[PDB]
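Protein chains in written order, with the deposited numbering: chain A, 53 to 102; chain B, 56 to 103; chain D, 58 to 108; chain C, 53 to 102.
Note sheet for the following structure.
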Amino acid sequence: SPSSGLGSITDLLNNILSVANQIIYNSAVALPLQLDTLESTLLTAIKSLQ
Amino acid sequence: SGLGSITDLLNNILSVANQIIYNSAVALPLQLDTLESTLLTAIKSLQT
Amino acid sequence: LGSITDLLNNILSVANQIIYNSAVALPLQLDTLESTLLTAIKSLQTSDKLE
Amino acid sequence: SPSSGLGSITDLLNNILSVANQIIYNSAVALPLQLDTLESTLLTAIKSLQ
């Protein structure tokens, strides 16, 4: 209903898209980076044994 | 169910999306830290 | 109802599944990874006391 | 594009759907694959002292 209905719906959809964009950053960049760092830390501690 | 209920759906989706931010940016990273620490101690108990 | 209502219902549905994956399935895999590794390390100690 | 197509709204819903899907793949498949690859690497590093 002019023009706010389009505007209010458009604004929520815009919020949701920015959050999902952040979630895809967390899952495809941040966490994979955290797991790589964790692997090598532990991998180093284990090789530190022999 | 006019514009209002669609606005409820949107709020429900936004709220759930927020929970997913918590899980992925807070809970999982913290779980990984706790795990890293537990294994680090155990490996270290082999050393000394 | 309806096209937008249908799309939104789908999105929500995928979202609830993402909540399960990230709050239940992944933490379970992390716990099991921890358990499995601790067990490898530990059974190794138990293998020290002999030979 | 004709107004009947809804314009702003329709593209947003498609993007959010596309992203949600990629998030599903990352949490259900990619991260699990990386976790398994991690566990093997560490186990193999342990297997190599034994």
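All C-beta atoms, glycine included, are put in the ideal place defined by N, C-alpha and C.
- The three-state reading of DSSP puts residue 106 of chain D in coil, since its state is none of H, G, I, E or B.
- In this structure, the alpha-carbon of residue 84 of chain D lies about 16 Å from that of residue 78 of chain A.
- Two segments are said to touch when three or more pairs of C-beta atoms, one from each, lie closer than 8 Å; by this definition the stretch 88-100 of chain D touches the stretch 80-95 of chain B.
- DSSP places residue 82 of chain C outside any alpha helix (DSSP H), giving it a letter other than H or E.
- Under the DSSP assignment, residue 67 of chain B falls in the alpha helix (DSSP H) whose first and last residues are 58-77.
- Cβ-Cβ separation between residue 61 of chain C and residue 61 of chain D: approximately 7 Å, consistent with a contact (criterion under 8 Å).
- Of all alpha-carbon atoms in D:80, D:81 and D:72, the one lying nearest the alpha-carbon of residue 72 of chain C is that of D:72.
- Among the residues facing chain A, residue 81 of chain C is not included, as its CB has no counterpart in that chain under 8 Å away.
- The DSSP-derived three-state label of residue 101 of chain C is coil.
- Along the stretch 67-96 of chain C, going in chain order, the ones with a CB nearer than 8 Å to a CB of chain D are 68, 69, 72, 73, 75, 76, 79, 80, 83, 84, 87, 90, 91, 94 and 95.
- Between residue 101 of chain C and residue 102 of chain A, the beta carbon gap of about 6 Å places them in contact (Cβ cut-off 8 Å).
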